[PDB]
């Protein structure tokens, strides 16, 4: 088997509508041709006669839209044949829906040891809500509230609240059936612990 190439995105896998992202696939110097499949799209989604140095291929997305969110796999051909496919790359878009609101009950000012509930609310019916703290770069990996029935809010109970929980939070809403399409992030909520 010809070993799979490596795939990544710059700046990364979470891109706001209208912003730029580049998908990079790196095989070897023996690569004669790179191809990218997008999940659920006709194959191949794109292709490149590498050059480049034939070491890597660049797939540019100048202006992100919902048509680009989802997963991608890269495979390449050398004189020997076709490679195994790369691990899939998830490309998440924010801005598919209006921003939700994020608030703290009873207050974002919390006494250490007590509890608080963060409330994320959406105008559009949503079944998935994600609560992310500062420095969380991958919203899909954040605390998640999933529901069968559509909702207009999700609660994130936090207990106990201590110094470590202090910081800035944002929430996102989505539908689980299109989980790579997120709302705009909510305005930031600063949790202040005393």
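Positions refer to the first chain, counted from 1.
For the pair 177-185 and 11-19, the mean B factor over Cα atoms is greater in 11-19. The mean Cα B-factor in the deposited entry runs higher for 110-118 than for the other of 110-118 and 91-99.
Out of 152, 32, 58, 35, it is 32 whose C-alpha atom has the highest B-factor in the PDB entry. The entry lists C-alpha B-factors for 41, 128, 48, 65, and the highest of these is at 48. Among the modelled residues of its chain, residue 104 has a C-alpha B-factor that falls in the middle third, as given in the PDB entry. When all modelled residues of the chain are sorted by CA temperature factor, residue 3 is found within the middle third. Residue 86: CA B factor lies in the lowest third for its chain, per the PDB record. Per-chain ranking of the deposited C-alpha B factor places residue 27 in the middle third. Among all modelled residues in its chain, residue 139 ranks in the middle third by Cα B-factor.
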